[PDB]
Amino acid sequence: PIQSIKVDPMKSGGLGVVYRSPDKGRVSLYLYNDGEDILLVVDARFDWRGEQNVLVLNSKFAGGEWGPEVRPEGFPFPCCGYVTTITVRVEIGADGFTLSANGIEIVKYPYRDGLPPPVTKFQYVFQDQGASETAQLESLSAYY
């Protein structure tokens, strides 16, 4: 339900996950530095806490407040309680991350204050919410 790859500090390239989505719950992908700061989470909510089919990006110093939430449109949530294979890319640009889902670009997210790369750890987290079709991690990938 939780799996991660720990990389040599990364200032370039990108990161990919592929997983089978759930009908209920949420899938989180965290980018961490060494000091355990959250440089970025892409938080994909299918059914999480009274929210359905919403995507959230944010950031956070270790033990400190989340910034302003970014709520982009375009994320391939499936209709009607359906599950599919999701493929995501987070490319580490000079000025921000770029988030792609299934080969279509979703958003450019400029680095938050004092939260630039390097990235050292890229984590996958599925949190259930009485889901009948649970999520399945398929692959994790570092790009060079």
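Just count from 1 along the sequence shown to find any residue number.
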Residue stretch of maximal mean CA temperature factor, 59-67 vs 115-123: 59-67
Mean C-alpha temperature factor, higher of 74-82 and 24-32: 74-82
For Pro9, the third of its chain into which the C-alpha B factor falls: highest
Third of the chain, ranked by Cα B-factor, where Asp47 sits: highest
